[PDB]
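To keep things clear, I will list the structure first and then write my remarks on it.
When we count neighbours, we look across all protein chains shown, and the Cβ atoms used for this are built from the backbone with ideal geometry, even at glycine. What is reported rests on the model, the rules as stated and the sources as named; no laboratory read-out is quoted.
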Protein chains: 2
Amino acid sequence: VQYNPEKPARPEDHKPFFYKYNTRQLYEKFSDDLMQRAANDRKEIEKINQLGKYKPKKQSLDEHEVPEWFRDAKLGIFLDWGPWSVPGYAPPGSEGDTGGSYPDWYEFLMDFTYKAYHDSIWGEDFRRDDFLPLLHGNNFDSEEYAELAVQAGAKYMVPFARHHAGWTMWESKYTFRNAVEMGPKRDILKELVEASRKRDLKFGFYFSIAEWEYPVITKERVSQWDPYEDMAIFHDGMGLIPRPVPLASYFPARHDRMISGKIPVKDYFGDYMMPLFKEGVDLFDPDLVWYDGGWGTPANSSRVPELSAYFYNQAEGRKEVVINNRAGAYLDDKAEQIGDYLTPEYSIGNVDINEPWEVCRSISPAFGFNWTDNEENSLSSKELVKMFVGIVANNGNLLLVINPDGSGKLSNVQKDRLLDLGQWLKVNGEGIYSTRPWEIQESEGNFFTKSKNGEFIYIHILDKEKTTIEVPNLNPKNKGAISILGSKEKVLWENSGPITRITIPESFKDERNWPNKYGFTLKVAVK
Amino acid sequence: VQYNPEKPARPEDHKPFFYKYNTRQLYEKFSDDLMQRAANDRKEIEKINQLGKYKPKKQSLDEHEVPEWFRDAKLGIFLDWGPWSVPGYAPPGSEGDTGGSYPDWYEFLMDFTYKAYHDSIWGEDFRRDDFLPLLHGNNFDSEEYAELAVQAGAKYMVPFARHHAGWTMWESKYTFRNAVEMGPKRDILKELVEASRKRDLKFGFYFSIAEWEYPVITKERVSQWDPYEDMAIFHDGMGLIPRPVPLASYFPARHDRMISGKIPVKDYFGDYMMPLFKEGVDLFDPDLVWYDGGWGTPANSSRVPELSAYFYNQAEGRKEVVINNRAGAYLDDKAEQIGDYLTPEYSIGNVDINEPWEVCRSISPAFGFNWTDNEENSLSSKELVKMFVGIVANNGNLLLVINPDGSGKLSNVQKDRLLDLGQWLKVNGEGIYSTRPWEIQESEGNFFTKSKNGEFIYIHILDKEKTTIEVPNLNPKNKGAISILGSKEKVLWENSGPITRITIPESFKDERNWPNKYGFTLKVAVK
Ligand code: NA
Ligand code: NA
């Protein structure tokens, strides 16, 4: 029952969590029915793709274009919440190759990289699924999360609808491992989509392709030591740590309490994943699909191309939609990809400025709550603004991860950063939303954007140690063509051959006279 | 400290077992030295095989013949004792394809098939290596074990020198996972070899080829989640349950306390197994090598042919020696085998009567102590005698497994069966030792053997409901050519064309007048 979510550890009278049905019980009651229902959905998907514009082929899917709303959005919120939020930890030195830290991998890595921590803090008898009842979500207010996104200046919201251990934020007909059956006992994704739609936030559907473990029905026994000859555990390469592939032996006392709620199938992809995706799309009508966890199986074999075509086709002539690039390797036997935009993770890297892209990260290294995170290891508001503008100037969006604890509460450090960014965007948003890169992006610590129609150039000034700005080939319309967003203060400037030389007004030498203390923005009418 | 070995469960104040060195410490201190020492041993082995009669080739090894002493022995004792003896359990329904039950697989299957039992009875925090201090061996008297083998009528003794988790009954220079460092704190194999030699028992060296897990040194990291980039866990297919092959990621909090004492190497076979085998052979000068655990790697790749040639070669001119057939599949890339005799396990199956073979089993299904075993699920003395004679008549030896508890004490049920068999053999042993199959083996519940020279036929009579024995083509020498071992009672008989008809003396109708109550034996001087 009781833990402090801000310093989470084993409760004093921990009892094991047994879902009303174990995995064999779920097999005996639900598997056949689920597999029949899945067969029907697959036929529906095939027909929609038959009738529709888009076919499950790269050639066909690549012709879909990034919508204007996505290019114009610039800022999204990535709502990284789930059972992993309860322990809310990754240890020092366990960073991924991205450079990020992954508390949101705790459910898997508790038996591996994070096991020393788990053994001492939670106990060796505390299983993955024991976290599910502890994810009560009593401070999780879906209305306030949508409002916070708005107040942060975000134009889209992507909750972690279903991550790699298979727990769905929505009430599903294809799994009892869902938010109504387990944890907060409410349809969290439904609350969030309703809260988002009534605020004009675009809504993204985050969907893990593979899962770390899934119980499957087999035609032969895996080994002679197995209690069941008709059942196994399915893996692909998603977990990165080598496991038996495709099948591991199934042992109830080992597996049941890391797969609570999951109904066995013969075919993980066809019988479970495909219809679960369809259900999410059909129920929630997302504007965006954010695939993840598809590096373990080629997109050809996982059948994600059919899901991508479906998503496009059920939207055609209703709304413009977009998909990320994480469907997996697209082969025709590195590989190629499908999807509308690249998703560099934590570290921006070398980006192609010609095509819109999206970086995902939180204000710290953490993907998922880390209870040890605080002001000193997180971005300052100043650093966040600076980082955001740099992203936008280079044709990117920021999908800003936020990391609530097991109660669903967001730390003040994270709240304050979001509200400071949003308050900066309230003033300077005209130089951000619906902008495109200019022929210069960054110069002398100043950042440039242009309005998509080309009438205005914006210059974001973040450093109070500045007096003159020299901009080659700016070409202001007339001597009154330069102003400051959110201010009446007149900007004096002169041309000097090709270079425009701007003197910062006297009052703006001190950043307490700025409309917003984290930066001011010059608006330049050009032509 | 305290458990009841006859009903073993988690001690009351269990503390974790940490060997003075963990796996990284063993790597830093000992690995280099071990790998240099291994290099020297490998050169020694290569030279011995270079200069010697036998080469590491099937053609060469197959020319070695089963020694007369093995064919003449008939009965051996298989001393199945180790860390697994402490928990002393396998659950119902977990039988191998052999039909046997394997408490001696507990160390592995505690995380798999036997995990339900282990979780409730020992606890999820109780690791494999926690059993090692509990194997105190305070009732393990090596002198009495050798004497018991003699009193059972056994001619050879095969202790479980090293089983699949790698714990050596001898003090080794190639592992700290040995009987002196861990468990009874004495050189158990040394005690047993000395006790055996002074009783003229032949001595067998039981040696597992593969182990379930071994820490190995790598040239690159297995996954990005690994704490060490220079280390992994090596597996082959020996465990049967699929594992990552050849390498799994290594995690100290997961692995260290199932591999206590084991010094990491680059090459499991070359750097560890080969020199450990050599050490055992050189130190103990065994008459017999009993390989096991070689079905996970072909004999070609494990390099066991070189060990077989070595063993033969270091014995040439000193003693006649023998090897079983469990080196592994012999290929030249359904496969062939090397070794001197077949080893059907638990169930005899279809045997080739033309070549000597050996069946291994205990008086119950169990390989390894099962604390729930008792009189009612074990062979009676009568059934054991009957089973033994059937084996011998078909050209087999019985390698009779005995199963002590964690204190090293053997159950009375097991002791009584052995003493009854030995007492039957004391009387009737002339019809067993140094015998060969006759043209009839079993007929009408009677069993036949012949002396190896062909002078005598022996007929073992086990059922008191018998008055006449009719034997085709038994040609007795003269009218006084038939007697009863251990008795002066005259045996009357008549020929009737091809058939010899023997009347059982009046007194022998009741089995209380038999020299031994479990059977009497006719001795027939023939042509
Ligand atoms: Na495209
Ligand atoms: Na041979």
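As an exercise: evaluate B:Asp13 against (1) out of contact with any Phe, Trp or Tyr (no Cβ under 8 Å at 6 or more places or on another chain); (2) assigned to a loop (DSSP other than H, G, I, E, B); (3) under 18 Å from B:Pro215 (Cβ atoms) and give the number of the one condition it does not meet.
In the conditions (1) out of contact with any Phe, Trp or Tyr (no Cβ under 8 Å at 6 or more places or on another chain); (2) assigned to a loop (DSSP other than H, G, I, E, B); (3) under 18 Å from B:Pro215 (Cβ atoms), B:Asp13 misses (3) alone.
Condition check ((1) under 14 Å from B:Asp80 (Cβ atoms); (2) surrounded by fewer than 23 Cβ atoms within 10 Å (Cβ to Cβ); (3) under 20 Å from the mean Cα position of the chain (by Cα); (4) not assigned by TED's automatic domain parsing to the domain that holds B:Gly76) across all residues:
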residue	(1), (2), (3), (4)
B:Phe367	yes, no, yes, no
B:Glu376	no, yes, no, no
B:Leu398	no, no, yes, no
B:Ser411	yes, yes, yes, no
B:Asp416	no, yes, no, no
B:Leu419	no, yes, yes, no
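Sort out which residues of region B:69-126 are within 13 Å of another protein chain (Cβ to nearest Cβ), among the aliphatic types (A, V, I, L, M) and in contact with a strand residue (DSSP E or B) (Cβ under 7 Å, 6 or more places away or on another chain), and write them in order of number.
The answer is B:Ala90, and nothing else.
Considering (1) more than 14 Å from chain A (Cβ to nearest Cβ); (2) within 21 Å of B:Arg326 (Cβ to Cβ); (3) touching a helix residue (DSSP H, G or I) at 6+ places or on another chain (Cβ under 9 Å), say which one B:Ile241 fails and leave the rest.
In the conditions (1) more than 14 Å from chain A (Cβ to nearest Cβ); (2) within 21 Å of B:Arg326 (Cβ to Cβ); (3) touching a helix residue (DSSP H, G or I) at 6+ places or on another chain (Cβ under 9 Å), B:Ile241 misses (1) alone.
Provide a single number: the residues in region A:120-176 that are under 30 Å from A:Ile432 (Cβ atoms), of a type in the set (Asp, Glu) and in a loop (DSSP other than H, G, I, E, B).
Qualifying residue count for the region: 1.
Here is a list: A:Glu46, A:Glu63. Which entry is within 16 Å of ligand 1 (Cβ to nearest atom) and more than 20 Å from the chain's Cα centre (by Cα)?
A:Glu63 is the lone residue from the list that is within 16 Å of ligand 1 (Cβ to nearest atom) and more than 20 Å from the chain's Cα centre (by Cα).
Look through region A:66-122, keep the residues that are of a type in the set (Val, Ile, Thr) and under 30 Å from A:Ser451 (Cβ atoms), and return whichever of them is farthest from the chain's Cα centre (by Cα).
Going through the qualifying residues, I end up with A:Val66.
Out of curiosity, is B:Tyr330 within 12 Å of ligand 2 (Cβ to nearest atom), away from chain A (no Cβ under 14 Å) and among the hydroxyl-bearing types (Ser, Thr, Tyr)?
Spelling it out, it is not the case that B:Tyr330 is within 12 Å of ligand 2 (Cβ to nearest atom), away from chain A (no Cβ under 14 Å) and among the hydroxyl-bearing types (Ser, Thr, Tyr).
Out of the helices (runs of 4 or more DSSP H) lying entirely within region A:56-113, which hold 1 or more residues that are away from ligand 2 (no atom under 16 Å from the Cβ) and within 29 Å of A:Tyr433 (Cβ to Cβ)?
A:58-61, A:68-73
Working only within region B:351-398, note down all residues that are among the charged types (D, E, K, R), assigned to a loop (DSSP other than H, G, I, E, B) and closer than 14 Å to B:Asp416 by Cβ.
Hit for region B:351-398 is B:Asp373, nothing else.
Do you know which residues across region B:226-237 are under 27 Å from the mean Cα position of the chain (by Cα) and either part of a strand (DSSP E or B) or within 12 Å of chain A (Cβ to nearest Cβ) (or both)?
Within region B:226-237, B:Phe234, B:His235, B:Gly237 qualify.
So, in region A:258-276, exactly how many residues are within 24 Å of B:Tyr117 (Cβ to Cβ) and in contact with a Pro (Cβ under 7 Å, 6 or more places away or on another chain)?
Total meeting the criteria: 1.
State the number of residues belonging to region B:494-527 that are part of a loop (DSSP other than H, G, I, E, B), of a type outside the set (A, V, I, L, M, F, W, C) and within 24 Å of B:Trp424 (Cα to Cα).
10
How many residues are crowded, with 18+ Cβ neighbours inside 10 Å, of a type in the set (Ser, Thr, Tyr), out of contact with any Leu (no Cβ under 8 Å at 6 or more places or on another chain) and over 19 Å from B:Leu399 (Cα atoms) if we restrict to region B:283-309?
Looking only at that region, the number is 2.
Just need a number here: residues in region A:188-203 that are part of a helix (DSSP H, G or I) and touching a helix residue (DSSP H, G or I) at 6+ places or on another chain (Cβ under 6 Å).
Within region A:188-203, residues that are part of a helix (DSSP H, G or I) and touching a helix residue (DSSP H, G or I) at 6+ places or on another chain (Cβ under 6 Å) number 5.
Output the number of residues of region A:58-74 satisfying the condition of being closer than 18 Å to A:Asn300 by Cα and surrounded by 15 or more Cβ atoms within 10 Å (Cβ to Cβ).
The qualifying residues number 3.
List the pairs whose first member sits in region B:286-302 and is over 14 Å from B:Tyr312 (Cβ atoms) and in the same structural domain as B:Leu399 (by TED's automatic domain parsing), whose second member is crowded, with 21+ Cβ neighbours inside 10 Å and acidic (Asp, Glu), and whose Cβ atoms are under 8 Å apart, counting only residues at least 6 apart or on separate chains?
B:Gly293/B:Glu211; B:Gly296/B:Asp236; B:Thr297/B:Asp236
So if I check each of B:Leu26, B:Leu34, B:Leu61, which one is closer than 30 Å to B:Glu124 by Cα and touching a strand residue (DSSP E or B) at 6+ places or on another chain (Cβ under 9 Å)?
It is B:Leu26.
Do the conditions hold for B:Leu342, that is, is it aliphatic (A, V, I, L, M), assigned by TED's automatic domain parsing to the domain that holds B:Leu34 and more than 30 Å from B:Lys43 (Cβ to Cβ)?
yes
Against the conditions (1) among the basic types (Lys, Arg); (2) more than 16 Å from ligand 2 (Cβ to nearest atom); (3) not in a helix (DSSP H, G or I), where does B:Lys47 fall short? Just the number, please.
(3)
Suppose we keep only residues that are within 14 Å of another protein chain (Cβ to nearest Cβ) and among the basic types (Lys, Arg) within region A:127-165. Which one would you say is farthest from A:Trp424 (Cα to Cα)?
A:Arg127
Determine whether A:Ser142 is surrounded by 21 or more Cβ atoms within 10 Å (Cβ to Cβ), small (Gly, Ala, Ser) and within 25 Å of A:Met238 (Cα to Cα).
no
Consider A:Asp187 carefully, then state whether it is surrounded by fewer than 23 Cβ atoms within 10 Å (Cβ to Cβ), away from every other protein chain (no Cβ under 11 Å) and either of a type in the set (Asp, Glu) or out of contact with any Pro (no Cβ under 7 Å at 6 or more places or on another chain) (or both).
Answer is yes for this residue.
Six or more apart or on different chains, Cβ atoms under 6 Å: show the pairs whose first residue is in region A:338-356 and away from every other protein chain (no Cβ under 14 Å) and whose second is hydrophobic (A, V, I, L, M, F, W, C) and away from ligand 1 (no atom under 14 Å from the Cβ).
A:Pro344/A:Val359; A:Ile348/A:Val359
Is it the case that some residue within region A:310-324 is surrounded by fewer than 18 Cβ atoms within 10 Å (Cβ to Cβ) and within 24 Å of A:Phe234 (Cα to Cα)?
No, the conditions are met nowhere in region A:310-324.
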